[PDB]
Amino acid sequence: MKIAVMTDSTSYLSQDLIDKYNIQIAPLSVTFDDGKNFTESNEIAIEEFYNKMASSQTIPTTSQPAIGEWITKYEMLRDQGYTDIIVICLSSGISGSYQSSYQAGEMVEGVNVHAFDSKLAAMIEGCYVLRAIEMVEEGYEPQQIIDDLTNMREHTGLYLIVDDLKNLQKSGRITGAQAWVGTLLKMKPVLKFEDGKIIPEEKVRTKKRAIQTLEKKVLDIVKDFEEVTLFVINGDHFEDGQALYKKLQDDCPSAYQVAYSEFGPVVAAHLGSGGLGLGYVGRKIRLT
């Protein structure tokens, strides 16, 4: 028995972790109305996508990985001795990458495909990947890993801040004058993930209190966990994510695992500019 672990590109793992563990990636795409397509990878210039997103008069569309992209890596991993494949996917409540990962694995013979619904995104979804690899090396069989990843999912979440009432209007969720009810007013909607779905939490003015809202909300949850792994997931506002990341290191004991990361074009296409999140895991995930 040999078990492999792969995922889609929305888990935004570091290129070091991908290269070290040979993690195969099924990329998501984002197509603008200009005809230009950005296939998610660690080769694009994220700053130039943000400029293109601000350039484009309309917000682009997102697409899950093509079924053929899942197949070629599935049959590849099979064509090297892997008896089982664990697939951590983007949350099925927000995307169709989990549906395509299951159906494509049914069309690949010789290996047992195990699609997992992360019920989240970004490095929090990537934490499931690093936890699956850690268990495979320890000598765990697939359903033992899925049972653990299902248990880890019960103590895992992510809050996020949206600072782009602009981008919220070109998508049709707020009217033209509603942007001029928050932008001048500096109102920041605060959302959170629940059961794989993005539901509204609070609407805190100023980004500072909204960031302080993220800290107090996540710290009050993880204070009852035996193991804690925090992840600052920042957008194109570098100073905002670092201020929260540094404030966390000062306010949290070193027993807590505090990490920094950034999301890519697919997640940014829906968040816009200045997006910022804060996720947590009830486990001491191996990030090395």
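In case it trips you up, residue 1 is the first one in the sequence shown, and so on.
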#### Entry: Greater mean Cα temperature factor according to the PDB record, 70-78 or 125-133
70-78
### Message
Averaging CA B factors per stretch from the PDB record, which one is higher: 114-122 or 176-184?
### Response
176-184
### Query
Which listed residue, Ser56, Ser261, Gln242, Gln64, has the largest C-alpha temperature factor in the record?
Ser56
#### Entry: Which of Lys36, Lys247, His237, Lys223 ranks first by CA B-factor in the deposited coordinates
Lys36
### Query
Among the chain's modelled residues, which third holds the C-alpha B-factor of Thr229?
lowest
## Note on the structure
In terms of its chain's C-alpha B-factors, the third that includes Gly139 is the highest
### Query
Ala4's Cα B-factor: lowest, middle or highest third of the chain?
middle
### Task
Grab the CA temperature factor for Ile88 from the record and place it in the lowest, middle or highest third of its chain.
lowest
### Task
Just say lowest, middle or highest third for the CA B-factor of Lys216 relative to the other modelled residues in its chain.
middle
